[PDB]
Amino acid sequence: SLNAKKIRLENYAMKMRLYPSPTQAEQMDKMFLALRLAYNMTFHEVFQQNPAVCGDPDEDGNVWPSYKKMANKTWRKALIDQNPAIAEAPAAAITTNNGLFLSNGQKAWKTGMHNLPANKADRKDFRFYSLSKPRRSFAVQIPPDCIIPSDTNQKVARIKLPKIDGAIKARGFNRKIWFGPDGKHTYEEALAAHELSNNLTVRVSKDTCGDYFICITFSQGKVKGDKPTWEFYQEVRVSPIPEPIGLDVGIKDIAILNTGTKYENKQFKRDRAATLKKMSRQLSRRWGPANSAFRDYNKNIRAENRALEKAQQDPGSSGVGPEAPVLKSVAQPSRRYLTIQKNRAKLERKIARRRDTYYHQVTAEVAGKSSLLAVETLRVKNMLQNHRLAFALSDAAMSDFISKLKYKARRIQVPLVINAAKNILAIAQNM
DNA sequence: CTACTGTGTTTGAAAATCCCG
DNA sequence: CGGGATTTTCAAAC
RNA sequence: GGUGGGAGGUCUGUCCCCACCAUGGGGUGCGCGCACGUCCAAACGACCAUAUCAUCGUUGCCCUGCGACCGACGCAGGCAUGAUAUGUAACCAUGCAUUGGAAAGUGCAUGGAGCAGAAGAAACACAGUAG
Numbered sequence: 006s007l008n009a010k011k012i013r014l015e016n017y018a019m020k021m022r023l024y025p026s027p028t029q030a031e032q033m034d035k036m037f038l039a040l041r042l043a044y045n046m047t048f049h050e051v052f053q054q055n056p057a058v059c060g061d062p063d064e065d066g067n068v069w070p071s072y073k074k075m076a077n078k079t080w081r082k083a084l085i086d087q088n089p090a091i092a093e094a095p096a097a098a099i100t101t102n103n104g105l106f107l108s109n110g111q112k113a114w115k116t117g118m119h120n121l122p123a124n125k126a127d128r129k130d131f132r133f134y135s136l137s138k139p140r141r142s143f144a145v146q147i148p149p150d151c152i153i154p155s156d157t158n159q160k161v162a163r164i165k166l167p168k169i170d171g172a173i174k175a176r177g178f179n180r181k182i183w184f185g186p187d188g189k190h191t192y193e194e195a196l197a198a199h200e201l202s203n204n205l206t207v208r209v210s211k212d213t214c215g216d217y218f219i220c221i222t223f224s225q226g227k228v229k230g231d232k233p234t235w236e237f238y239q240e241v242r243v244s245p246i247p248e249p250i251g252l253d254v255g256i257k258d259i260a261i262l263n264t265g266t267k268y269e270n271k272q273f274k275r276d277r278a279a280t281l282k283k284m285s286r287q288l289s290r291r292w293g294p295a296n297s298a299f300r301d302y303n304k305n306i307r308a309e310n311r312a313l314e315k316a317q318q319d320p321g322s323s324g325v326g327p328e329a330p331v332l333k334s335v336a337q338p339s340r341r342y343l344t345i346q347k348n349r350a351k352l353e354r355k356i357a358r359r360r361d362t363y364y365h366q367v368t369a370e371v372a373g374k375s376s377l378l379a380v381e382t383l384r385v386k387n388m389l390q391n392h393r394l395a396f397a398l399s400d401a402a403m404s405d406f407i408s409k410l411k412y413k414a415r416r417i418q419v420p421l422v465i466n467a468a469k470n471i472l473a474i475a476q477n478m
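In case it helps, PDB author numbering puts the first sequence at residues 6 to 422, 465 to 478.
Okay, here's the thing in structure tokens:
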């Protein structure tokens with residue numbers, strides 16, 4: 006009963022939790038920043054139609070940026086020459102197929118800017134990288150020899166990363182996954198038996214709070230015949246005798262089953278709505294940004310800064326020492342702002358994290374019991390017409406639940422399509 | 001005015017070049 | 001001075 | 001004993017640890033006490049400490065005196081209410097320097113980190129919404 010049956014994974018991403026050293030964390034942050042500068046400068050230059058970064062002209066004169074050319078060593082060399090602070094990102098994170106230009110920029114231009122020529126396209130529509138949307142990720146390639154799990158502990162890895170010395174300790178090593186021809190090996194067994202891909206992708210990210218993670222993408226190479234290039238398995242639990250289940254959605258519950266069991270969404274927002282709201286108004290009048298009193302203050306300071314620099318540069322001819330230049334800065338938020346900013350970030354990550362874990366648990370207990378899902382809709386726009394659930398949807402996210410159910414019904418290969468729930472299941476059986 | 005959410009898209013392999021014991 | 005680690009190329013374009 | 005939280009990848013409880021409030025009052029039993037069970041009260045992203053800022057009667061009072069009207073106005077003072085900044089919170093062990101003749105911390109470098117029950121697909125992009 007409830008046997009841990011192995012499943013063949015099409016892909017994976019071992020989301021773990023790195024514990025870097027202070028200096029190593031600083032280096033990783035510098036790497037994020039260098040990627041940000043690369044993205045900003047390259048896409049700042051693509052709009053001046055620069056053929057050194059843009060592709061070739063057309064029969065009608067149209068030009069798009071070419072991304073096979075941004076993965077050449079020549080433009081990367083030009084970027085390193087322009088500023089050195091960009092030299093710190095790994096070339097595998099910029100030039101390879103999962104890099105800063107062949108993965109981010111490709112989707113960014115192909116969807117955000119609707120795939121239209123770079124001379125007919127605007128600059129205010131493109132969203133650059135800044136504090137609102139920073140670059141908190143990089144995808145480099147390492148061999149399995151840099152993934153050496155801790156011998157004593159069944160949850161501690163030891164990950165070595167490029168340009169990085171120290172072999173990160175990555176807690177949370179998912180040891181529910183087994184490698185080999187039939188998934189009967191540990192990690193060391195497959196590493197020694199040479200059953201692991203020589204170049205595996207890792208994505209170090211830094212979340213809203215200062216917290217560095219990793220996502221190792223165990224992934225089969227090709228689909229030649231019925232045999233993937235590499236194979237690895239995960240063990241999951243299923244009810245001993247599954248039966249068809251028509252899931253139902255209510256007002257005060259997160260999910261209702263046709264059998265009778267119901268899971269209650271404990272409203273993680275409203276219970277902490279008071280503290281979230283008080284912290285929100287708290288930051289609203291602190292020393293930092295998002296204050297409307299010092300945002301305008303620093304915008305002003307920047308305004309007279311550029312005004313005075315213009316007045317001293319050209320009219321003053323900038324000979325040697327004209328007048329007495331004062332530069333100041335855009336000012337920094339004070340720590341008492343940072344402490345409550347981080348506290349609110351921690352609280353809201355904890356709230357969404359409780360939501361995610363609750364949905365994980367509920368989906369796990371509903372996935373095994375159901376051999377055929379009968380959900381109504383995969384989308385939110387097909388249930389907002391009546392607006393009855395909008396009040397519940399304000400604090401409860403149906404999309405996370407729907408996506409989790411959708412992909413977890415695929416691991417068991419379960420096809421996806465109380466009285467009302469039973470009627471829904473009967474209709475699903477009919478069609 | 002920041003901060004969170006619904007929806008779509010991805011997810012290497014092998015040489016060639018460089019360099020601290 | 002040399003195996004291994006870092007970099008580059010694989011490869012087209014609304 | 002309850003409330004909020006910090007590390008052990010995530011959730012609950014516990015383990016360790018930090019800041020707080022009840023030692024109360026009430027529906028009914030039995031022998032001044034026992035509550036078999038629920039009820040209300042507190043304490044909510046800290047805590048103090050430091051100096052510097054509310055404003056429309058504000059933050060209300062003390063009304064410490066002062067001036068003037070016929071219960072009400074203004075002037076010079078304080079209280080803790082709130083909010084702006086800084087020294088400042090959350091497991092254990094080792095190694096280096098310092099605080100101390102010690103005890104115990106400080107700053108740095110590491111190392112390790114459950115137990116009980118559940119689960120563990122992440123990154124990017126682009127809209128829109130909440131506050």
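Where is the CB? At the ideal position from N, CA and C, for every residue including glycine.
Check	Outcome
Of all the options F184, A260 and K115, which has the alpha carbon lying nearest to the alpha carbon of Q225?	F184
Pop quiz: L40 and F131 are said to be a contact at Cβ under 8 Å. What is the actual Cβ separation, rounded to whole angstroms?	Actually they are not in contact, since the Cβ atoms of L40 and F131 sit about 17 Å apart, beyond 8 Å.
Of the choices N203, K11, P139 and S244, whose alpha-carbon is the least far from that of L377?	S244
Whole beta strand (DSSP E) runs in the region 12-87 with 3 or more residues, listed along the chain?	19-23
Looking at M403 and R176, is the spacing between their C-beta atoms short of 8 Å?	no
Report yes or no: do three or more beta-carbon pairs, one from the region 27-43 and one from the region 251-260, lie closer than 8 Å?	no
Indicate the three-state DSSP secondary structure (helix, strand or coil) for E93 in the structure shown.	coil
Cβ atoms of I417 and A379: under 8 Å apart, would you say?	no
Is it buried or exposed, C59, if we count other Cβ atoms within 10 angstroms and call 16 or more buried?	buried
So, using beta-carbon positions, are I164 and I219 closer together than 8 Å?	yes
From the DSSP output, in three-state form, read off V243 for me.	coil
Are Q317 and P327 touching if we call contact CB-CB under 8 Å?	yes
Rounded C-beta distance between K10 and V241? I'm assuming under 8 Å.	6 Å
Could you name each continuous beta strand (DSSP E) segment of 3 residues or more that falls completely within the region 234-305, going from the start of the chain to the end?	237-242 and 248-250
Decide if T368 is buried, meaning its Cβ has at least 16 other Cβ atoms within 10 Å, or exposed.	buried
Give the list of continuous alpha helix (DSSP H) stretches no shorter than 4 residues that lie fully inside the region 176-224.	192-198
State the DSSP-derived secondary structure class of residue 448, mapped to helix, strand or coil.	Between 422 and 465, the chain has no modelled residues, which means residue 448 does not appear in the coordinates.
Relative to the alpha-carbon of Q87, which residue among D150, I99, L42 and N303 has its alpha-carbon at the smallest distance?	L42
Whole angstroms are fine: how far does the CA of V228 sit from the CA of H190?	22 Å
Going by the DSSP bridge assignment, what does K10 pair with across the sheet?	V241
Distance check for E353 and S297, CA to CA, integer angstroms please.	22 Å
Leaving aside the five residues before and after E50 along the sequence, list all residues of the same chain whose C-beta is less than 7 Å from its C-beta, in chain order.	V58
To the nearest angstrom, how far is the alpha carbon of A401 from that of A278?	13 Å
Starting from residue 441, follow its DSSP beta bridges and name the residues at the other end.	Missing from the coordinates is residue 441; the shown part of the chain jumps over it, going from 422 to 465.
Compute the distance between the beta-carbons of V422 and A475, then report whether it is under 8 Å.	yes
For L105, which residues of its own chain have a beta-carbon under 7 Å away from its beta-carbon, when the five flanking residues on both sides are left out?	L40, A43, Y44, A98 and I99
Here's a check: name, in chain order, each residue in its chain whose Cβ is nearer than 8 Å to the Cβ of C151, leaving out the five neighbours to either side.	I164, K165, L166 and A172
In the DSSP output, which residue or residues are listed as bridge partners for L421?	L378
Which first and last residues belong to the alpha helix (DSSP H) in which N470 is found?	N466 to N477
At what residues does the alpha helix (DSSP H) containing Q366 begin and finish?	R340 to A372
One question on the structure: do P95 and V145 come within less than 8 Å of each other, judged by their Cβ atoms?	yes
So the alpha helix (DSSP H) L398 belongs to, where does it begin and stop?	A395 to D400
Would you check if the region 358-372 and the region 231-240 touch, i.e. whether three or more CB-CB distances between them fall below 8 Å?	no
Leaving out five residues on either side along the sequence, give the residues of the same chain with a beta carbon under 6 Å from the beta carbon of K413.	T368 and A372
Helix or strand or just coil, what does DSSP make of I169?	coil
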